[PDB]
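Just below is one structure, and these are the notes that go with it.
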Amino acid sequence: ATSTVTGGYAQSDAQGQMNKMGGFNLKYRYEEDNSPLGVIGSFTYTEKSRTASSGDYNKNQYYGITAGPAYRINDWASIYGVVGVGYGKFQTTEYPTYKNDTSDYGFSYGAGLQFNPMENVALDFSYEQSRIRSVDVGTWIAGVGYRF
Ligand SMILES: CCCCCCCCOCCOCCOCCOCCO
């Protein structure tokens, strides 16, 4: 049995003018030595904050917790699909002191590929999609790590 731990930059974009929002992603994958089928869990977090000249301030945070099956195609490539929950927390302050916060969970799902350019190294690329209330958040991920 082996495990693969990867991490890297994540970047979210929602339909509706909610520009790019940067963060990170971590995945923990587990494989058995004698089956191509394993499991992978994924943690994603992005955020963006903005303060206008008017004094107004906005802060958006996105969390995605997903997991699913991972299939090893050959020695250097595997594919995976994940499902779970997405959480969005949106903070807004109308200067000087009017605040309004909203948060809610939604379904999240994703798919990715992991390459092993050397047996102990992993290059991970995935996309994650969540629907929180009516906003659709899409997040691209590129990570790296070790298999051990
Ligand atoms: C979106 C990407 C694809 C989603 C990955 C789904 C991968 C699920 O597995 C598909 C293949 O089925 C697995 C085989 O388990 C049997 C192996 O042999 C067992 C030991 O004797």
Side-chain angles (χ1 to χ4, degrees), residues 1-52 56-93 99-148:
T2 55
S3 295
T4 299
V5 179
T6 56
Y9 181 75
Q11 184 180 105
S12 305
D13 212 350
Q15 15 130 112
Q17 263 188 299
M18 160 134 71
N19 196 211
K20 313 306 197 163
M21 157 180 190
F24 68 91
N25 168 259
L26 292 180
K27 302 196 181 74
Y28 173 86
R29 179 183 175 187
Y30 201 82
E31 291 185 63
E32 33 183 321
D33 296 345
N34 38 225
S35 167
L37 181 67
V39 289
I40 189 161
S42 179
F43 177 87
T44 304
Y45 168 83
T46 63
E47 79 83 46
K48 191 181 208 188
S49 71
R50 182 182 178 178
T51 303
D56 294 15
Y57 167 89
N58 293 256
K59 181 171 196 193
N60 293 331
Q61 287 174 297
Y62 167 79
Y63 290 74
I65 309 212
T66 57
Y71 184 76
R72 172 167 298 278
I73 296 161
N74 55 39
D75 284 1
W76 54 271
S78 300
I79 63 182
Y80 55 83
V82 298
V83 303
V85 176
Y87 169 74
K89 181 175 177 193
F90 175 19
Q91 295 173 86
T92 185
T93 62
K99 294 173 182 302
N100 190 332
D101 294 359
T102 45
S103 77
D104 199 357
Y105 290 82
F107 182 65
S108 175
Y109 67 88
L113 246 35
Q114 196 161 101
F115 301 106
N116 300 102
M118 288 194 180
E119 193 184 356
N120 64 310
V121 166
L123 300 181
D124 179 72
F125 297 96
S126 74
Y127 186 85
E128 181 171 305
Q129 184 66 46
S130 293
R131 180 175 269 138
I132 296 142
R133 280 190 69 256
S134 290
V135 58
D136 259 279
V137 176
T139 304
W140 63 260
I141 294 150
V144 291
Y146 301 102
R147 178 169 179 213
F148 61 91

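Start at 1 with the first residue, then count along the sequence. Note that these values count all heavy atoms, side chains included, but never hydrogens, waters or copies made by symmetry.
- Residues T6 and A122 come closest through the heavy atom pair CG2-CB, 3.8 Å.
- The nearest pair of heavy atoms linking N60 to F90 is OD1-CD1, 2.7 Å.
- A pairwise comparison of heavy atoms in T92 and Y57 identifies OG1-O, 3.3 Å as the closest pair.
- In this view, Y87 and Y63, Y105 satisfy the ring-ring contact (aromatic ring centres under 6.0 Å, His included) rule, not counting sequence neighbours.
- Under 3.5 Å, the side chains of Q114 and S78 contain no donor-acceptor pair of N or O atoms.
- Of all heavy-atom pairs spanning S108 and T66, the tightest one is OG-CG2, 3.5 Å.
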Subject >> Test log, rule side-chain contact (heavy atoms from CB on, under 4.5 Å), inputs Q11 and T139 >> reply: CA-CA 5 Å; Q11 184 180 105; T139 304; 5.8 Å; no
**OP:** I would like to know whether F148 and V5 meet side-chain contact (heavy atoms from CB on, under 4.5 Å); could you show each step before the answer?
**Re:** CA-CA 8 Å; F148 61 91; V5 179; 3.8 Å; yes
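- Between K99 and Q91 the shortest side-chain heavy-atom distance does not fall below 4.5 Å.
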Subject >> Steps toward side-chain contact (heavy atoms from CB on, under 4.5 Å) verdict (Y28, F43) >> reply: CA-CA 9 Å; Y28 173 86; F43 177 87; over 6 Å; no
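- Remark: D56 CG to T51 OG1 distance equals 9.0 Å, nearest 0.5 Å.
- Pairs of residues two or more places apart, or lying in two chains, that qualify as salt bridge (charged side-chain N to carboxylate O under 4.0 Å, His left out) and include a residue from residues 66-92 are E31-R72.
- Atom CZ of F24 and atom CD1 of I141 lie 11.0 Å apart (nearest 0.5 Å).
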Subject >> Steps toward side-chain contact (heavy atoms from CB on, under 4.5 Å) verdict (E47, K59) >> reply: CA-CA 7 Å; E47 79 83 46; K59 181 171 196 193; 3.5 Å; yes
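- In terms of modelled atom types and a separation under 3.5 Å, the side chain of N116 and the main chain of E119 share no donor-acceptor contact.
- Taking the ring-ring contact (aromatic ring centres under 6.0 Å, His included) definition, one finds that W140 meets it with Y9, sequence neighbours left out.
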Original post:
Yes or no on side-chain hydrogen bond (donor to acceptor under 3.5 Å, both in side chains) for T44 and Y62, after CA distance, side-chain angles and deciding distance?
Top reply: CA-CA 8 Å; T44 304; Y62 167 79; over 6 Å; no
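- Between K48 and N19, some side-chain heavy-atom pair lies under the 4.5 Å cut-off.
- Counting non-hydrogen atoms of neighbouring residues, nucleotides and ligands closer than 6.0 angstrom, the OH atom of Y109 reaches no more than 12 such neighbours.
- There is a side-chain donor-acceptor pair under 3.5 Å between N25 and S42.
- Smallest separation of non-hydrogen atoms from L37 and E32: O-CG, 4.4 Å.
- Ionic pairing of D136 and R131 is present here: one or more N-O contacts between side-chain nitrogen and carboxylate oxygen are shorter than 4.0 angstrom.
- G138 and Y127 make their closest contact through CA-OH, 3.5 Å (heavy atoms, listed as atom of the first residue, atom of the second, distance).
- Between the side chain of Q129 and the backbone N or O of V137 there is at least one donor-acceptor pair closer than 3.5 Å.
- Side-chain contact between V39 and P69: absent, with no pair of heavy atoms (C-beta onward) separated by less than 4.5 Å.
- No donor-acceptor contact under 3.5 angstrom links the side chains of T4 and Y146, judged on distance only.
- Counting only heavy atoms from C-beta outward, the side chains of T2 and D33 approach each other to under 4.5 Å.
- Between the side chains of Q61 and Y45, at least one donor N or O sits under 3.5 Å from an acceptor N or O.
- In this structure, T93 OG1 and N58 CG are separated by 7.0 Å, a value rounded to the nearest 0.5 Å.
- A donor-acceptor pair shorter than 3.5 Å can be found between the side chains of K27 and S126.
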